[PDB]
2 protein chains.
Amino acid sequence: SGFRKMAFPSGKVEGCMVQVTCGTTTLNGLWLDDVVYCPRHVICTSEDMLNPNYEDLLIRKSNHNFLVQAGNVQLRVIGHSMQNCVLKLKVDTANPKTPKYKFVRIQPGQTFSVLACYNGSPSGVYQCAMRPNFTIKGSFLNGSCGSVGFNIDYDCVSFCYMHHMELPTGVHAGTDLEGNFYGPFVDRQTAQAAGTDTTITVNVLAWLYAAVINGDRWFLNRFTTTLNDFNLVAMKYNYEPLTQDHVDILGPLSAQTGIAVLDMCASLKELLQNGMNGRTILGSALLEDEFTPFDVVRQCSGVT
Amino acid sequence: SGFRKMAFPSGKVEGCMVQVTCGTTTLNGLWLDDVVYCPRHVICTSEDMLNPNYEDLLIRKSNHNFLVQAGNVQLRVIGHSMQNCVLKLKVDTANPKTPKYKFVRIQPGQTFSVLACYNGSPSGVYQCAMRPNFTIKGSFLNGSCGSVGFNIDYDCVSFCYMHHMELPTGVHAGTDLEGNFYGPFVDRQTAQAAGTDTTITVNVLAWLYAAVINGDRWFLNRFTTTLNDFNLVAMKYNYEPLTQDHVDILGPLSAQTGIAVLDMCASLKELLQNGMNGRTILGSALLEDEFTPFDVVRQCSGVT
Ligand SMILES: Cc1ccncc1NC(=O)CNC(=O)Cc1cccnc1
Ligand SMILES: Cc1ccncc1NC(=O)CNC(=O)Cc1cccnc1
C-alpha cells in the first residue's frame, strides 16, 4: 500500500545523455545509435534568441563546431542536420548503451518522467504531465535544455519530450524527438503566454480510485451523476471535459474497486463544490491530476 | 525555475538489484561487491512472520537454499550470515556494476530516493523522507521488500534504507544496510503502532525558501518571531521544534534570498494560524516537508 508520485527508473536514459557545445552555448544531447539529438538553439547566443533565423545561423556551423562529450570522452561529429527544432548530429560511434527505443508524440494529460541534466550529467528524475495548454511544469535551470521526457514499457524507452524553453511565466515548453513543439510555442525569446491550465479530469478520477485502493475513502458520497451534468460542473472549475473514452479507460479501476465511474464523478463534483475542508487525500490537500489511469494500474499492481 | 519533488538518477542502484528467493518467498536483494544484502524475513513463510525465531529458522537454511538471480543469470552463494535484520549472502562473483558506495544511517527529517523493485526488477523511483516517528510513507506492494533508499554525492551512492515491513496503518518500516531498524519496529507481523507523525519544520522552511526563489511570494508577511515564540506555535501544530542548528543549516538560503530565517519562521507561523485560504505554494495546498535545506540548494543550483 501507499501511493507515490513515481518516475520510471532512469538508468536506460542516463546511458544516453551527452554534453553538446556550440561556441559558448552548452546544453544536453540524447545519444541513440549514431545520432545525438539536441535543441537547435545550441547554435544561438542569448542575443540570437531574441529573433533567431536558424537556417542562416546554421550555415555558419560545420560538423567540427559541435562538440559532443559522453562522460569525459569526445565523440566525432560526421554529419549534422536540422529537423524542425532539433539538431541531429551524426557521430562515428553508435552509443553502446542505446536501449530499445521509440519516438512518440504524446497527447495532453499524458504523464512522463524527466531526467533533468546539466552538462550532459543527470541531476534528478521527476514525473511530469503534458498540461492541457501544452506546457509542462518542470524544474529546469540554465543548461537543462536537451533534458528529455520518457516512458518505459518493460525494456523499450518511448522518448516523448525534449526541453527547450522556459516561458516568462516560469512554465516550460519543448518538443517531441522529431523537433516539433508541443503546443504553439516557438524557440524564440519572445512573448509567449500559455493558455488556461485546466485540470486533467480523467487523471484526477484515476487518482481518486488509487486513494480508495489505498484506504483513503472519506470523500466517497451517496451520489451519482451523468457525463453531461458532471461536465457542466467541470467547465465551471476549469476541469477538462470527461468523454466516454475516459470512462472506458477508467473501467478496470471501476471494476477493481466496485465504484462506478459516474459515482466517482459525483464524488469529485462534491469535492469541487464543497472543498476538502482541511482534509487530505493520499497526503495531498488538492486533487492530483498527474497520474494517468495507466499509471494508477501500474503502481497499484507493481509493473516492472 | 520550477521546483519539483525530485529523486536521484537511479541507474547506479538499478545495476545492483537482484532477486532473492528462499523456499516460496521471493524479494529483492542489493548486490554490492561479492555480497547480496536482503531482509532476513526472506526465510519466513507468511505464517512464520507472526512470531519468527530467526536464528532457529536460519539453522534449516544452507547456501544452496538462497536463490540469487541477477537479470536472468543465477549467482552462486558461497556463504550466508545474519547481521541484525539483514542477511548477507556472499556470492562467488563481485557485481561488475558496483558503484562507489557507503552505508549510512540517516536521522529523522532526512530525505532519500527509493528504487521500488519486484522480483529484482526496478518499477519506479520516488523521493521519501525518514519521518520523525521513524516510519516512511512509501509505495510498496507484496514483493517490494529489499528495495533500497539512497542518496548520491556525485558518484558515491550512500545507501540508507532497505524496505522490510508495512505496519497495519499502511506506513512503512525498514532498516539501514547494517540491518538495524529505524525506530522501534521489528520484523514481526504484530501490533506496531507508529508515534506522532510531526511535520519536519526545517524542511518546510527550506521549501518556503525554494518557493520565494521560484516566484511564489504571497505568503511573505511583515512579521518576525524568535525561536522560542515560533516553537510554542510549532508544538501546537505538531511541528518539530526548530533548533539553532536548523537556523544555521538554513543560512545559505537566507543569504540567497535576503530573508532572515526568523522572518521566514514568522511567515510559517502565520500560515499555520491562518491557513492557505485556498491558495497554493509551489503547486501544493499543504506545507511540504520532504525537501531538506540541502535538497533545495542542490535543485536550485543544478548539482549533478
Ligand atoms: C532560461 C531557461 C531556463 C530553463 N529552461 C530553458 C531556458 N531557456 C529559455 O527559455 C531561452 N534560452 C535562453 O535564454 C538561454 C539560451 C541562450 C543561447 C541559446 N539557447 C538558449
Ligand atoms: C505486506 C507488505 C507490503 C509491503 N511491504 C511489506 C509488506 N510485508 C510485511 O509487512 C510483512 N510480511 C508479509 O506479510 C509477507 C512476508 C511473508 C513471508 C516472509 N516475509 C514477508
Side-chain angles (χ1 to χ4, degrees), chain A residues 3 5-6 104-112 127-137 151 160 171 182-184 194-214 216-277 279-301, chain B residues 278 280 283-285:
Chain A
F3 201 76
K5 187 64 71 73
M6 194 182 284
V104 307
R105 187 175 175 86
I106 61 169
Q107 280 297 277
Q110 298 304 122
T111 59
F112 57 93
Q127 193 69 358
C128 276
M130 176 59 53
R131 304 309 310 173
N133 63 2
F134 295 102
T135 63
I136 78 163
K137 293 196 193 106
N151 285 275
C160 56
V171 299
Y182 282 99
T196 308
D197 196 355
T198 57
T199 305
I200 308 147
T201 310
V202 65
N203 290 9
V204 173
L205 292 164
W207 169 87
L208 286 178
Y209 278 108
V212 172
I213 294 170
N214 288 284
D216 243 329
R217 321 165 50 94
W218 67 264
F219 59 85
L220 295 179
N221 62 30
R222 302 176 164 275
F223 323 132
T224 201
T225 182
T226 63
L227 272 190
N228 290 154
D229 177 53
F230 176 77
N231 282 333
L232 291 177
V233 174
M235 162 116 64
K236 172 162 121 66
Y237 287 87
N238 286 140
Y239 267 59
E240 283 291 292
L242 197 71
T243 70
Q244 187 56 43
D245 279 12
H246 295 136
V247 174
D248 292 343
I249 297 169
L250 291 165
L253 288 170
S254 176
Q256 182 180 345
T257 60
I259 299 167
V261 169
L262 289 179
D263 294 3
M264 195 66 86
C265 290
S267 278
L268 173 51
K269 167 174 162 205
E270 299 297 305
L271 283 167
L272 295 174
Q273 299 173 340
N274 308 333
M276 306 275 282
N277 287 115
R279 296 185 284 268
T280 61
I281 299 174
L282 293 175
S284 171
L286 59 74
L287 306 168
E288 302 285 332
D289 76 348
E290 298 200 346
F291 296 94
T292 69
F294 298 94
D295 297 337
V296 173
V297 170
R298 186 189 305 108
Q299 187 174 166
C300 295
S301 72
Chain B
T280 61
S284 171

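Letters A, B, ... mirror the listed sequences (proteins, then strands); counts begin at 1. Heavy atoms only: backbone and side chains are in, while hydrogens, waters and symmetry mates are out.
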Side chains of [X] and [Y]: closer than 4.5 Å at any heavy-atom pair?
X        : Y        : result
A:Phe219 : A:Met264 : yes
A:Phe294 : A:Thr111 : no
A:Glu288 : A:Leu286 : yes
A:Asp289 : A:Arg131 : yes
A:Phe230 : A:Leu262 : no
A:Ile200 : A:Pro108 : no
A:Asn151 : A:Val104 : no
A:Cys265 : A:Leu205 : yes

Is the number of heavy atoms from other residues, nucleotides or ligands under 6.0 Å of A:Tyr237 OH greater than 12?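 Correct, the count exceeds 12.
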
For A:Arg279, does the CZ atom have more than 12 heavy-atom neighbours from other residues, nucleotides or ligands under 6.0 Å away?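 Counting other residues, nucleotides and ligands, CZ of A:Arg279 exceeds 12 neighbours.
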
Side chains of A:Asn228 and A:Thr226, donor plus acceptor under 3.5 Å: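 No - no donor-acceptor pair under 3.5 Å links their side chains.
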
Decide whether A:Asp263 and A:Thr224 meet the rule of one side-chain donor and one side-chain acceptor closer than 3.5 Å.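 Yes, side-chain donor-acceptor contact under 3.5 Å.
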
Side chain to side chain donor-acceptor pair (under 3.5 Å) between A:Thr201 and A:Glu240, worked out: CA-CA 6 Å; A:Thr201 310; A:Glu240 283 291 292; over 6 Å; no

Show your working on side-chain contact (heavy atoms from CB on, under 4.5 Å) between A:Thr199 and A:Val204 and close with a plain yes or no. CA-CA 8 Å; A:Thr199 305; A:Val204 173; 3.6 Å; yes

Answer yes or no: is there a donor N or O on one side and an acceptor on the other, between the side chain of A:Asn231 and the main chain of A:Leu227, under 3.5 Å?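 The answer is yes, because a donor-acceptor pair under 3.5 Å joins these two groups.
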
Take A:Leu268 and A:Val233, measure what side-chain contact (heavy atoms from CB on, under 4.5 Å) needs, and give me the verdict at the end. CA-CA 10 Å; A:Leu268 173 51; A:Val233 174; over 6 Å; no

For the residue pair A:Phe3 and A:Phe291, does the interplanar ring angle fall in the parallel (under 30°), tilted (30 to 60°) or perpendicular (over 60°) class?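 Rings of A:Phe3 and A:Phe291: tilted, as their planes differ by 30° to 60°.
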
What's the shortest heavy-atom distance between A:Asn221 and A:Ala266, and which atoms?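 Heavy atoms of A:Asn221 and A:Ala266 come nearest at ND2-O, 3.3 Å.
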
Which atom pair, heavy atoms only, marks the closest approach of A:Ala206 to A:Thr292?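 The pair with the smallest heavy-atom distance is CB-C, 3.9 Å.
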
Intermediate values then yes/no, side-chain contact (heavy atoms from CB on, under 4.5 Å), A:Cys300 and A:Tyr209: CA-CA 10 Å; A:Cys300 295; A:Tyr209 278 108; over 6 Å; no

A:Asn133 and A:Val171: side-chain contact (heavy atoms from CB on, under 4.5 Å), yes or no, with the steps? CA-CA 11 Å; A:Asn133 63 2; A:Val171 299; 6.0 Å; no

Assess whether side chain to side chain donor-acceptor pair (under 3.5 Å) is satisfied between A:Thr243 and A:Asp245, documenting all intermediate values. CA-CA 5 Å; A:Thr243 70; A:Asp245 279 12; 5.1 Å; no

Salt bridge check, A:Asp295 against A:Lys5: does any charged N sit closer than 4.0 Å to a carboxylate O?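 No, no charged N to carboxylate O under 4.0 Å.
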
